[PDB]
Every structure is written in C-alpha cells, then in structure tokens.
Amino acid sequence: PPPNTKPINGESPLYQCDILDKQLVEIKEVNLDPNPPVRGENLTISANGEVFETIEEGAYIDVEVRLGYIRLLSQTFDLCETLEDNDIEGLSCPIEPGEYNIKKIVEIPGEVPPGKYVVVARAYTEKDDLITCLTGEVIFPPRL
C-alpha cells in the first residue's frame, strides 16, 4: 500500500495512513469476524486503541469510498452524532484519554456490486487536528 502507511495488527485489511502526521488516537488492533467481509452477512468489528487527547463535540470524519477509479461516496459526518447514533458501546462523544476496546456488529448489504473497493477515512477534531487516518481494500468476489 501507498507511502506514509503502516499495517494495523489483526485480522483486517486496514492500514494507518498519514503516519508522518501525529494522530491523537492510536488504533492498535482491528479484527473482523468474517475476515474478508462477505456481502449479505453480519460483520463483527473488534478494535483496540488509545486516546491521547479528549475528543469533544464538533469532531468530524471525512469518508471516501472508491470503486476502481469511481468516487462512489464522499462526505463528512458529525463524529459525535454518528457514534451516538450507531450505539458504539455507549461511548458518549466526550472521549477522554485512555485505553479503549470496541465491539460493533454491522450488516454488509448483499446488493453491493462485485469488485475492488477502497475505503479512506480521516477523523479530525473541531480545531482540525488529525485524530486518525485509516485505509483499506476489500475485494468482493465477482458473482454479482
């Protein structure tokens, strides 16, 4: 994978990107229950990380999904509102420094077209300090 990248330990395709930029959160480990995610099935996400600065209301995530060279989805999300909506282990947004472990189950839709998808997410704080940068490639087998 590209420059300024480091693999994330665990059963996952994720890499940390922009590694030469200090990040307020370290993602130490990530594990996916069906290791290559499968369409139409549950996906269990387990993650171990560290928070070095309090993340406050107003943080946001830039998420980009790309299919080949096509910019499929590109938008920003309210970090706190998004975490609060998806019930990630009751984590209220004021995320204090410390040791975290997360377990979340999401559903991968079966209608997703087959292909090589690349995901990139950058989370920043309200004054725009880089929280973290993650990238990953997921190939869904061509049975449409």
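Each residue number is its position in the shown sequence, starting from 1.
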Mean Cα B-factor check, 81-89 vs 31-39, entry values; winner is 81-89
Comparing 122-130 with 19-27, which has the greater mean CA B-factor as deposited? 122-130
Please work out which residue in 59, 70, 51, 47 has the highest C-alpha B-factor recorded for this crystal structure. 70
Whose C-alpha has the highest temperature factor in the PDB entry: 95, 112, 102, 65? 112
